[PDB]
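Written out below as structure tokens is the structure these notes cover.
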Amino acid sequence: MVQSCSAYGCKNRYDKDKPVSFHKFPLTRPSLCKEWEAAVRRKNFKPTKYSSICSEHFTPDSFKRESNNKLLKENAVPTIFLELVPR
DNA sequence: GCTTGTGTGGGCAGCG
DNA sequence: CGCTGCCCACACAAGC
């Protein structure tokens, strides 16, 4: 989406100049989808699993269908969201 | 190989 | 007024 990722402060709106791609939540991996919520530890929880997220938040390994079988690693959740808190 | 399934991609309304 | 929550079709890979 061209609004913002499900991360905290990542308003890295789709910019082809920057090396990032977009994707949707692991709808086919609910439990795993759920830990993504654990990464969205902020009150300002962005859109749900229906919205789209960008590459930078996960490891290339877990990027998408290019993972193991056809989706990300069930044991991988976007931790690259941020260091802690922006200013 | 072609067709179907899952990933991919962006928007509008209600409340501080 | 801006942000959060949920939906549909197409391309590539797998199956027949």
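A note on labels: chains of the structure tokens are A, B, ... as shown, every chain counts residues from 1, and ligands are counted from 1 in their shown order.
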Check your understanding: Got a sec to pull out which chain C residues are within 8 Å of chain A, counting only C-alpha atoms (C1' of nucleotides), and send them as a ChimeraX atom specification?
Key -> /C:3-6
Exercise for review: Identify every residue of chain A that has at least one atom within 12 Å of any atom of chain B, counting only C-alpha atoms (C1' of nucleotides), and report the result as a list in words.
Suggested key: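 Residues passing the distance filter: residues 1, 2, 3, 4, 13, 14, 21, 22, 23, 24, 25, 26, 27, 28, 29, 50, 51, 52, 53, 54, 63, 64, 65, 66, 69, 70, 71 and 72 of chain A.
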Exercise for review: Would you please extract all strand (DSSP E or B) residues from chain A, as assigned by DSSP on the backbone, and give them as a list in words?
Suggested key: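 Restricting chain A to strand (DSSP E or B) produces residues 22, 23, 24, 52, 53 and 54 of chain A.
Atom CA of residue A:81 to atom CA of residue A:7 spans 5.4 Å [interatomic distance, one decimal].
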Check your understanding: Quick one: residues within 10 Å of residue A:39, only C-alpha atoms (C1' of nucleotides) counted, chain neighbours fewer than 2 positions away excluded, as a list in words?
Key ->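 Result of the neighbour search: residues 6, 7, 8, 34, 35, 36, 37, 41, 42, 45, 77, 78, 79, 80, 81 and 82 of chain A.
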Got time to write the residues from that selection, N, CA and C atoms, as a compact mmCIF listing (two decimals), in the first residue's frame?
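File result_6.txt, as written:
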```txt
# COMPACT_ATOMS: atom_id res chain seq x y z
N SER A 6 3.05 -1.93 8.26
CA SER A 6 2.46 -2.30 9.55
C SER A 6 3.44 -2.08 10.71
N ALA A 7 4.61 -1.53 10.41
CA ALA A 7 5.62 -1.27 11.43
C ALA A 7 5.30 0.00 12.21
N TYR A 8 6.21 0.39 13.09
CA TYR A 8 6.02 1.58 13.91
C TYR A 8 6.87 2.74 13.38
N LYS A 34 0.26 -13.97 13.61
CA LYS A 34 -0.02 -13.47 14.91
C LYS A 34 1.22 -12.95 15.63
N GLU A 35 2.40 -13.53 15.39
CA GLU A 35 3.55 -13.01 16.10
C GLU A 35 3.95 -11.68 15.52
N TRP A 36 3.50 -11.39 14.31
CA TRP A 36 3.81 -10.12 13.70
C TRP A 36 3.18 -9.04 14.57
N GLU A 37 2.05 -9.39 15.21
CA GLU A 37 1.37 -8.46 16.09
C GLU A 37 2.29 -8.14 17.26
N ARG A 41 4.23 -3.88 18.73
CA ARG A 41 4.07 -3.59 20.16
C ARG A 41 3.68 -2.14 20.47
N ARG A 42 3.24 -1.40 19.47
CA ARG A 42 2.86 -0.02 19.69
C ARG A 42 1.35 0.15 19.68
N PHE A 45 -1.17 0.61 16.29
CA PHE A 45 -1.10 -0.58 15.47
C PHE A 45 -1.69 -0.26 14.11
N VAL A 77 9.53 -13.80 12.08
CA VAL A 77 8.64 -12.66 12.21
C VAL A 77 9.44 -11.35 12.12
N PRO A 78 8.93 -10.37 11.36
CA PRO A 78 9.57 -9.06 11.14
C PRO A 78 10.03 -8.37 12.42
N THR A 79 11.33 -8.41 12.65
CA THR A 79 11.92 -7.80 13.83
C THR A 79 12.67 -6.53 13.43
N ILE A 80 12.91 -6.39 12.14
CA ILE A 80 13.64 -5.25 11.59
C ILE A 80 12.78 -3.98 11.58
N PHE A 81 11.59 -4.05 12.18
CA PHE A 81 10.68 -2.90 12.25
C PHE A 81 11.39 -1.61 12.63
N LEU A 82 12.16 -1.64 13.73
CA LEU A 82 12.88 -0.46 14.20
C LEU A 82 13.86 -0.83 15.31
```
Exercise for review: In Å, rounded to a single decimal, give me how far atom CA of residue A:32 is from atom CA of residue A:74.
Suggested key: 5.5 Å
Check your understanding: Residues of chain A in helix (DSSP H, G or I) according to DSSP, as a PyMOL selection string?
Key -> chain A and resi 30-39+55-57+60-62
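Our summary of the geometry notes that atom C1' of residue C:12 is positioned 16.1 Å from atom CA of residue A:68.
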